[PDB]
């Protein structure tokens, strides 16, 4: 990988309380739920998404260690993020960047956002998918 990752966030206690309470309600929130929590506690939705991935990993691993069944999905699955439209010039920017560095740090990713107008979070997924499809 590269270097220069995002500076880790530190949850305030109230933020932790809010994430844990949301998680009780449903450990598989949709984009509508994630954006709703994001705005309630004043952090960007992408940080919320990463915290649910990590909190599920922790719950699964504890359930596993306690030899307990994971409830899993409950209720109707909530809607996904709408698919991001990526123009041909946006794709071109990204492709050039990818040729020089497959593993951009937060620095590189945030300027691509400036340049392409795409969200940094979507750029990060773009590279994940590109790497996994173009060794």
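Positions refer to the first chain, counted from 1.
When the mean C-alpha temperature factors of 85 to 93 and 105 to 113 are read from the deposited coordinates, 105 to 113 comes out higher.
On average the C-alpha atoms of 64 to 72 have higher B-factors than those of the other stretch, with 32 to 40 and 64 to 72 being the two compared. In the PDB entry, a CA B factor belonging to the highest third of its chain's modelled residues is recorded for residue 100. Ranked by C-alpha B-factor against the other modelled residues of its chain, residue 27 falls in the middle third.
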